[PDB]
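Peer 1: Protein chains in written order, with our numbering: chain A, 1006 to 1055; chain B, 24 to 239; chain C, -16 to 82; chain D, 20 to 69; chain E, 455 to 604.
Pasting in a structure now, in structure tokens, and then I'll have a few things to ask.
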Ligand SMILES: *[C@@H]1O[C@H](CO)[C@@H](O[C@@H]2O[C@H](CO)[C@@H](O)[C@H](O)[C@H]2NC(C)=O)[C@H](O)[C@H]1NC(C)=O
Ligand SMILES: *[C@@H]1O[C@H](CO)[C@@H](O[C@@H]2O[C@H](CO)[C@@H](O)[C@H](O)[C@H]2NC(C)=O)[C@H](O)[C@H]1NC(C)=O
Ligand SMILES: *[C@@H]1O[C@H](CO)[C@@H](O)[C@H](O)[C@H]1NC(C)=O
Ligand SMILES: *[C@@H]1O[C@H](CO)[C@@H](O)[C@H](O)[C@H]1NC(C)=O
Ligand SMILES: *[C@@H]1O[C@H](CO)[C@@H](O)[C@H](O)[C@H]1NC(C)=O
């Protein structure tokens, strides 16, 4: 009872690293490199994946 | 000749910092428990350069002095020469060619600076000639096999040459021993300690037992 | 979503503290950057022996490129060309030829 | 200035888009243009616009 | 302009060899002739030709994207450094918000960044002066209300 839940809380952190097929995992790079007209094609994938 | 590798050849995957964690990655490494060619000094031929080379040397008077890389060797390829006692590396990268029996009695870069072990890894990727190096004294002295233990390597030099390479030869002095090992793509797991150094690595392509460790 | 609240406890939202200042930091290199030597040079090399140049340790300004005549092709892959002035780079390689 | 209609049109930021005439991203409308180089061209250039 | 060669090239490579292309079945043996063509040819350019054949000058750039100590970027000016307060910061194109304080982590001379489990940035090195800093998110929490009957 003390073990399983702890593990079920760790994995949720690790899923924050996957890229979900986007350009980069870090959320600031997309807005610091691309343009507003086209960043919406990318942000959607991350939002859905999380 | 032939001799056991005995768990050597691990280098940093990138220039980032971590601490107290387990990580997994894939790159061109040297598989554990791999037989390695052996030579003695007088027997100094040209050896293949398939996909990167692991080079290691035992000496104390620095007989080994340079390398030559090329395909046809008609005075139209790069070479590397050094003048170093123990810790003073001097590099010239011009295209001078010696005679057909080299020995010791664009130039995009230039630099001037028993109880020894030299280790190097040469890698070629996308027009880049990456060179990783490591120096370490050995308290083992002469025995039958290569020194035991574990360590890590560091990245040193990059060069944007961009030429197809197939064969290489070493440069010796005349008036010590060395080894050659081949690279291979593979996936490992590593442990980053508390103080920021690599202390243990695990394969998951060697034995049935290790696959469980890799997947767990 | 009502005009009446029963006795008890409730949880509404969260709170976060706000910043008060802005900080930027950059290296103090102040050498003019030699883009002149390649763009408006006299004679370019041949395709089969294409020429390349290395650029490092300089302060860039990508707006001056607009001083030229109406271009035929000016495109970029991976970076929007407008904000090029807001990113820092390690090494620059530039290739030139004529087609 | 011809293609500067793109600046008049919703999209990326620029001098004409922001400091001369702007249209929001959610704007509903149309932009039409006729090549006036056949007519507006004059001897030694035209300097009647700023 | 190159015309003939046995097979294509890997990206970022050059070849200026003068070997004769063995087009025919006979072995040329380094002798130019029929079915043994010279690898290179020449173009032509006249001022009265059409735009379809006029010469064009082409330049290609290439980038590296902050994977090492950076050396080239714009003329943005620096500022004095403040710590122990909740501040917005920008280090070499890496933007963030939080609190900066002195730390004691030891790095190898070539290192430049520090990460963690969530791949977020934790420790940076000031390019202006060689010393190490870390980042801590600013304080936040949840709120609740207790009330009797209205
Ligand atoms: C560098 O060039 C050599 C030849 O110039 C390539 O060698 C080829 O090797 C394969 C594998 O045995 C042969 O099937 C080919 O016939 C060889 N080429 C020729 C022209 O005979 C070598 O592959 C090149 N390097 C790389 C990385 O591709
Ligand atoms: C990692 O480095 C730390 C220092 O940053 C080492 O901890 C110190 O060890 C010395 C012994 O050589 C003690 O005298 C100090 O008191 C220790 N520091 C503290 C804060 O207690 C640590 O030993 C190193 N890691 C390993 C495995 O040796
Ligand atoms: C390597 O070469 C030696 C030479 O005798 C041989 O005995 C061995 O089976 C080979 N393979 C491995 C994995 O050691
Ligand atoms: C500029 O940067 C160098 C880089 O180390 C630093 O040593 C120096 O103190 C800085 N300031 C001046 C005025 O040179
Ligand atoms: C190249 O020369 C032209 C000459 O008119 C000049 O306008 C242009 O700015 C120069 N290029 C650079 C990068 O300065």
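We put the CB at the ideal spot given by N, CA and C, even for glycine.
(1) Which residues in the same chain as residue 26 of chain B place their Cβ atom closer than 8 Å to its Cβ, once the five residues preceding and following it in sequence are excluded?
(2) How about residue 215 of chain B: is its Cβ closer than 7 Å to a heavy atom in ligand 7?
(3) Could you say if the segment 32 to 50 of chain B and the segment 177 to 186 of chain B meet the contact criterion of at least three C-beta pairs nearer than 8 Å?
(4) Thinking residue 91 of chain C and residue 598 of chain E are a contact (beta carbons under 8 Å), I'd like their distance in whole angstroms, please.
(5) Please determine, among D:54, D:37, D:43, D:69, the residue with the shortest C-alpha to C-alpha distance to residue 22 of chain D.
(6) Out of B:121, B:56, B:112, which one is the CA nearest neighbour of residue 102 of chain B?
(7) Output the distance between the C-alpha atoms of residue 536 of chain E and residue 555 of chain E, rounded to the nearest integer angstrom.
(8) What do you reckon, are the CB atoms on residue 87 of chain B and residue 232 of chain B nearer than 8 Å?
(9) Within 10 angstroms of its Cβ, does residue 76 of chain B collect 16 or more other Cβ (buried), or is it exposed?
(10) Report the option in C:51, C:58, C:40, C:66 whose CA atom is closest to the CA atom of residue 515 of chain E.
(11) Below 8 Å, can you find three or more Cβ-Cβ pairs linking the segment 521 to 532 of chain E to the segment 38 to 45 of chain C?
(12) If you follow the alpha helix (DSSP H) that residue 1052 of chain A is in, where does it begin and where does it stop?
(13) So, does the CB of residue 1040 of chain A fall closer than 8 Å to a CB anywhere in chain C?
(14) In chain order, what residues of the segment 571 to 582 of chain E put their CB closer than 7 Å to some CB of chain A?
(15) Along the beta strand (DSSP E) that carries residue 207 of chain B, what are the first and last residues, could you check?
(16) Which residues, in order along the segment 43 to 54 of chain C, keep a beta-carbon less than 9 Å from a beta-carbon of chain E?
(17) Return no unless some Cβ of chain E is closer than 8 Å to the Cβ of residue 18 of chain C.
(18) Taking the C-alpha atoms as reference points, what is the distance between residue 559 of chain E and residue 30 of chain B?
(19) Given this structure, state the Cα-to-Cα distance separating residue 489 of chain E from residue 480 of chain E, to the nearest angstrom.
(20) If you draw a straight line from the alpha carbon of residue 585 of chain E to that of residue 534 of chain E, how long is it in whole angstroms?
(21) For the 8 Å Cβ check, are there 3 or more pairs between the segment 182 to 192 of chain B and the segment 93 to 102 of chain B?
(22) Look up residue 163 of chain B in the DSSP assignment and give the residues it is bridged to.
(23) So, does the segment 33 to 42 of chain D touch the segment 541 to 551 of chain E, judging by three or more C-beta pairs under 8 Å?
(24) Is any non-hydrogen atom of ligand 5 found closer than 7 Å to the C-beta of residue 47 of chain C, if you look at the structure I gave you?
(25) On the criterion of 16 or more Cβ atoms from any shown chain inside 10 Å, does residue 142 of chain B qualify as buried, or is it exposed?
(26) Near residue 209 of chain B, which residues of its chain fall below 8 Å by C-beta distance, leaving aside the five closest residues on each side in sequence?
(27) Let me make sure I understand the geometry here. Which of B:81, B:98, B:100 has the alpha-carbon closest to that of residue 109 of chain B?
(28) In chain order, what residues place their C-beta within less than 5 Å of a heavy atom belonging to ligand 3?
(29) Is any heavy atom in ligand 2 found nearer than 7 Å to the beta carbon of residue 108 of chain B?
(30) Determine which residues share a DSSP beta bridge with residue 77 of chain C and list them.
(31) How about residue 1059 of chain A: is its C-beta nearer than 8 Å to some C-beta of chain E?
(32) Using 8 Å as the threshold, is the C-beta distance between residue 116 of chain B and residue 107 of chain B below it?
(33) Counting only runs that start and end within the segment 132 to 205 of chain B, where is the beta strand (DSSP E) found for 3 or more residues in a row?
(34) Write down the C-beta distance between residue 577 of chain E and residue 588 of chain E rounded to the nearest angstrom, noting that I regard them as a contact closer than 8 Å.
(35) Rounded to the nearest angstrom, how far is the Cβ of residue 70 of chain B from that of residue 191 of chain B, given a contact under 8 Å?
(36) Tell me the DSSP secondary structure of residue 92 of chain B in three-state form.
Peer 2: This is what the structure gives:
(1) If you number the second chain from 1, residue 26 of chain B lands on position 3. Excluding sequence neighbours, residue 26 of chain B sits near 58, 59, 61, 168, 169, 202.
(2) By its list of ligands, the structure shown excludes ligand 7, since it contains just ligand 1, ligand 2, ligand 3, ligand 4 and ligand 5.
(3) Flag = yes, the segment 32 to 50 of chain B and the segment 177 to 186 of chain B touch.
(4) Residue 91 of chain C lies beyond the stretch modelled for chain C, which goes from -16 to 82, so this question has no answer here.
(5) Residue numbering aside, residue 22 of chain D sits at position 3 when the fourth chain is read from its first letter. With distances taken between CA atoms, residue 22 of chain D lies nearest to D:54 out of D:54, D:37, D:43, D:69.
(6) The count along the second chain starts at 1 and reaches residue 102 of chain B at position 79. When each option's Cα is compared against that of residue 102 of chain B, the closest is B:121.
(7) Start at 1 with the first residue of the fifth chain, and residue 536 of chain E comes out as number 82. Start at 1 with the first residue of the fifth chain, and residue 555 of chain E comes out as number 101. If I take the Cα positions, the gap works out to 9 Å.
(8) The count along the second chain starts at 1 and reaches residue 87 of chain B at position 64. The count along the second chain starts at 1 and reaches residue 232 of chain B at position 209. With respect to residue 232 of chain B, residue 87 of chain B sits apart: the two C-beta atoms are not nearer than 8 Å.
(9) As a first step, residue 76 of chain B is located in the second chain; it is residue number 53 there, counting from the start. Buried, because 16 or more other Cβ atoms sit within 10 Å of the Cβ of residue 76 of chain B.
(10) As a first step, residue 515 of chain E must be located in the fifth chain, where it is residue number 61. Answer by Cα proximity: C:58.
(11) Counting C-beta pairs with one atom in each stretch, the segment 521 to 532 of chain E and the segment 38 to 45 of chain C have three or more that are closer than 8 Å, which means they touch.
(12) To locate residue 1052 of chain A, count along the first chain from 1; it is residue 47. Per DSSP, residue 1052 of chain A belongs to the alpha helix (DSSP H) from 1041 to 1054.
(13) Numbered from its first residue, the first chain carries residue 1040 of chain A at position 35. Between residue 1040 of chain A and chain C, the shortest Cβ-Cβ separation is below 8 Å.
(14) Shown in chain order are the members of the segment 571 to 582 of chain E whose Cβ falls below 7 Å from a Cβ of chain A: 571, 572, 573.
(15) Along the second chain, read from residue 1 onward, the residue named residue 207 of chain B stands at position 184. Counting along the chain, the beta strand (DSSP E) containing residue 207 of chain B begins and ends at 207 to 215.
(16) Listed by position, the residues of the segment 43 to 54 of chain C near chain E (Cβ gap below 9 Å) are 43, 44, 45.
(17) The sequence position of residue 18 of chain C within the third chain is 35, counting from 1. Put simply, the CB of residue 18 of chain C is far from chain E, with every gap to its CB atoms at 8 Å or more.
(18) Numbered from its first residue, the fifth chain carries residue 559 of chain E at position 105. Numbered from its first residue, the second chain carries residue 30 of chain B at position 7. Distance between the alpha carbons of residue 559 of chain E and residue 30 of chain B: 30 Å.
(19) Taking the fifth chain and counting its residues from 1, the one referred to as residue 489 of chain E is at position 35. Taking the fifth chain and counting its residues from 1, the one referred to as residue 480 of chain E is at position 26. CA-CA distance, residue 489 of chain E to residue 480 of chain E, rounds to 8 Å.
(20) Here residue 585 of chain E corresponds to residue number 131 of the fifth chain, with the count starting at 1. Here residue 534 of chain E corresponds to residue number 80 of the fifth chain, with the count starting at 1. If I take the Cα positions, the gap works out to 15 Å.
(21) The segment 182 to 192 of chain B vs the segment 93 to 102 of chain B: in contact.
(22) Residue numbering aside, residue 163 of chain B sits at position 140 when the second chain is read from its first letter. BP columns for residue 163 of chain B are empty, so no partner.
(23) Segments in contact, no.
(24) Sequence index remark: in the third chain, residue 47 of chain C carries index 64 (1-based). Yes.
(25) Indexing the second chain from 1 puts residue 142 of chain B at position 119. Burial call: buried.
(26) Reading the second chain from its first residue, position 186 is the one you call residue 209 of chain B. Sequence-distant Cβ neighbours of residue 209 of chain B in its own chain, meaning closer than 8 Å and more than five residues away, are 49, 50, 51, 52, 54, 226, 228.
(27) Locating residue 109 of chain B in the second chain gives position 86, where the first residue counts as 1. Here the closest residue by C-alpha is B:81.
(28) Shown in chain order are the residues whose CB sits closer than 5 Å to a heavy atom of ligand 3: B:25, B:58.
(29) Sequence index remark: in the second chain, residue 108 of chain B carries index 85 (1-based). Checking the Cβ of residue 108 of chain B against ligand 2 gives no.
(30) On the third chain, position 94 is the one that residue 77 of chain C refers to. In the DSSP output, where bridge partners are listed per residue, residue 77 of chain C has C:36.
(31) Nothing about residue 1059 of chain A can be read from this structure; chain A reaches only from 1006 to 1055.
(32) For the purposes of this step, residue 116 of chain B is taken as residue 93 along the second chain, with counting starting at 1. For the purposes of this step, residue 107 of chain B is taken as residue 84 along the second chain, with counting starting at 1. No, these two residues do not count as a Cβ contact at 8 Å.
(33) The segment 132 to 205 of chain B contains these whole beta strand (DSSP E) runs: 141 to 148, 151 to 158, 177 to 180, 190 to 194, 200 to 205.
(34) In the fifth chain, the residue the question calls residue 577 of chain E occupies position 123. In the fifth chain, the residue the question calls residue 588 of chain E occupies position 134. Correct: roughly 5 Å between the Cβ atoms.
(35) Numbered from its first residue, the second chain carries residue 70 of chain B at position 47. Numbered from its first residue, the second chain carries residue 191 of chain B at position 168. That pair is a contact at about 7 Å.
(36) Taking the first residue of the second chain as 1, we reach residue 92 of chain B at position 69. Of the three classes helix, strand and coil, the one that applies to residue 92 of chain B here is strand, per DSSP.
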